[PDB]
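Take a look at this single chain, the form deposited in one PDB entry, given in structure tokens.
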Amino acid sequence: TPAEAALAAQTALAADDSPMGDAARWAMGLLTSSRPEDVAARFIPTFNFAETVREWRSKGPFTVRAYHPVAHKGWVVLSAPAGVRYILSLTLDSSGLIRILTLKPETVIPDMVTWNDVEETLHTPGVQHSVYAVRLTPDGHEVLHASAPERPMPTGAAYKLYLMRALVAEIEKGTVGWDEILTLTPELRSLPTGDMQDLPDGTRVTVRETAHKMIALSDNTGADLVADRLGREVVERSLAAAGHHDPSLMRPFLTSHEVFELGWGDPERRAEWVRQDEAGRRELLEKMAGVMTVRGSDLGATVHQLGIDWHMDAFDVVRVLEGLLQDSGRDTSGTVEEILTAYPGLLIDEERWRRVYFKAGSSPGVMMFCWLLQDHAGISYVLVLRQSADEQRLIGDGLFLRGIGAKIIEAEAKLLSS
């Protein structure tokens, strides 16, 4: 019941002995209590805020109604006076320092009974969306639901699933090794999502740990370190085998650093990209090589419509995940499996699901989430959710699309395995 649920969340917040626990409690403290050095110590070292906090506080008093810790990400649902609800969102770095802290109007998602509930909840005028849900079988895929799976859409960090398949293909060939050392240079540093950019120049990291962060933290710097080591040609030549319908859509296969620098840097360089063919684009990227000028404050305008993102259809996503499941099964060391299952993006019912793979991607005007879920008998399902728009405010921070995923998965007995 509502009272039971709120009490359960309050108690769990209090009890949560973890990085998210400590951070969520401290943040709630900012809100419910009556010191800029204590603040500096709780946030990332590269992290106005007192003004922000005064405004948050003005909306209370707050009551905790739900608490959803999920590794380095957490959400707390709050009620304020007169039944108005908000969500406090936390994203942490690898040692539990706060990277992102927001307090925003509540994201409302109903419990789902039918796939039409999903569609009618999700639809937003001005936003293109797509929902694709399948059951994998020896004899092909059973379609459970489909809206526009055939439309190629931008998918942000979903591209890292192809980068991982490319990496595994080369490990199998023996051209790269899991314990091989990669080195962070100023030129290889990208923007968040991720934590590896916060490492010193010259930092030495294994391929294994870099690939782990590339997937589990969607580490952009991690991804770029891997893409650099493999080479753009090796990444691109792999796309056909890894499951992509039209590899020319992702050529040249961009790094995250390239998407950031091209998308929100020099407008003229960006016009030249639009004008150019594949040769001219490769030449433009080569000249753009160097230390980033673009910062996170620069982002906002949409550029995916210019090809400055990573485009694939829903079928492409199913194929790459199924390919990863096969790749993992071949890897007797369990290295691939550990990387893929580190971060499921949600609290999972582990008694139901033996393995869950997950990947999110986002850019201005772009949001996507995908899961592969396999039960203890061996039956696999894949869920692919995508949104694109010409205005970022139509999409928002992604809690909506992720929460729709969560509700589908919560109702798996109705929607996936009925």
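Throughout, we count residues from 1 along the sequence that is shown.
This next part talks about the form solved in complex with a small molecule, which is not shown.
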{"property": "Among the candidates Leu230, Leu346, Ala80, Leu122, the residue which, in the bound PDB entry, approaches the small molecule to within 4.5 Å (heavy atoms)", "result": "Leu346"}
{"property": "Position in contact with the small molecule when the complex is considered in the bound PDB entry, options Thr210, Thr193, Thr255, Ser130, heavy atoms within 4.5 Å", "result": "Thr193"}
{"property": "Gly403 within 4.5 Å of the small molecule in the bound PDB entry, heavy atoms", "result": "yes"}
{"property": "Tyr357: touches the small molecule in the bound PDB entry, heavy atom cutoff 4.5 angstroms", "result": "no"}
{"property": "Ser218: touches the small molecule in the bound PDB entry, heavy atom cutoff 4.5 angstroms", "result": "yes"}
{"property": "Interface membership of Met367, the small molecule in the bound PDB entry, 4.5 Å heavy atom rule", "result": "yes"}
{"property": "Contact segment among 66-74, 48-56, 379-387, 25-33, judged by heavy atoms lying within 4.5 Å of the small molecule in the bound PDB entry", "result": "66-74"}
